[PDB]
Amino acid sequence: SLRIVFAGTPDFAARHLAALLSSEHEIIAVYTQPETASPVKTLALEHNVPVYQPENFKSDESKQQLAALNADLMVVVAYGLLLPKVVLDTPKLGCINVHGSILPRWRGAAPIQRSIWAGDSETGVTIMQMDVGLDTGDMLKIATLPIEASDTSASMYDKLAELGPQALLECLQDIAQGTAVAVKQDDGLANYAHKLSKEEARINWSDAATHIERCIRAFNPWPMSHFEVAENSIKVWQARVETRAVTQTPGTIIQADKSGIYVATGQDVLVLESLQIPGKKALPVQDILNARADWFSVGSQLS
């Protein structure tokens, strides 16, 4: 039974701590950040586990407090602190991370969203031995899943929040037993998952419909893909692509009925299916065309 320190803050971290508390290893302390108590903090308290909340590991006091725990391992999931070398090396077996991609692809902050946005055929979780640098450490275990045509960043997050803990616990048993194997990442295949933004989520109708459709899924739940019509910002919750040679200016409404609002793009047609008018829950387009048939008249051009 490893003496484990768990470090992490939001729900994705809490799922891993929960799995560890129902396991064989001793959780001797939890490190987390405030938001309000984090979900990680609340779980720790329910199990009478000491909670530490440093702002960073710059002070000698912070490094010493960690050292005095005599940890065998620190497991780090969705924890915002930079861990310097000395901290990485404080636990007897170092620090392991659960990262939400198939490393070395999508190092960094937005791996779930970017895997979907780029149209990867699969993604997964990597259990990584943390080293100095952004997500550069050796890979101990990878678990993969297909990205389904219906997957959003929400639905994929939900799957990886289950897969991550399962993979972690399997990897931890390998470590405990002395059977883990580290694989060095190849830098030449690495890239970085840059954060999302409201500005990038504005639809450019000159893009390929396939690309807009991946955005619509990747940018759910945040920021939501959006376009402008009349004087309003409409959020797109669901769409599909229709393979159809385009002969009209991108943004032109080609067809508008219960089956879709069909919009010309730079390649193929984007069929809007569920839209959110400011104020209101997202509606099927059948309902949108009842209310505001005027904004989506055939032959008019969306911006």
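Note that residue numbering follows the sequence shown and begins at 1.
Trainee: In terms of residues present in the deposited sequence but not modelled, what lies between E61 and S62: none, 1 to 3, 4 to 9, or 10 or more?
Mentor: Nothing is missing between them.
Trainee: Taking the recorded C-alpha temperature factors, which stretch has the higher mean, 196-204 or 107-115?
Mentor: Averaged over C-alpha atoms, the B-factors run higher in 196-204.
Trainee: Mean CA B-factor: is it higher for 62-70 or for 265-273?
Mentor: The entry gives the higher C-alpha B-factor average to 62-70.
Trainee: What third of the chain, by the recorded C-alpha B-factor, contains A13?
Mentor: Answer is lowest: the recorded C-alpha B-factor places it there.
Trainee: If you rank every modelled residue in this chain by C-alpha B factor, which third holds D186: lowest, middle or highest?
Mentor: Answer is highest: the recorded C-alpha B-factor places it there.
Trainee: Lowest, middle or highest third: where is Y52 by Cα B-factor in its chain?
Mentor: It falls in the middle third of the chain.
Trainee: How does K141 rank on Cα B-factor within its chain, lowest, middle or highest third?
Mentor: Middle third.
Trainee: Lowest, middle or highest third: where is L163 by C-alpha B factor in its chain?
Mentor: Lowest third, going by the recorded CA B-factors of the chain.
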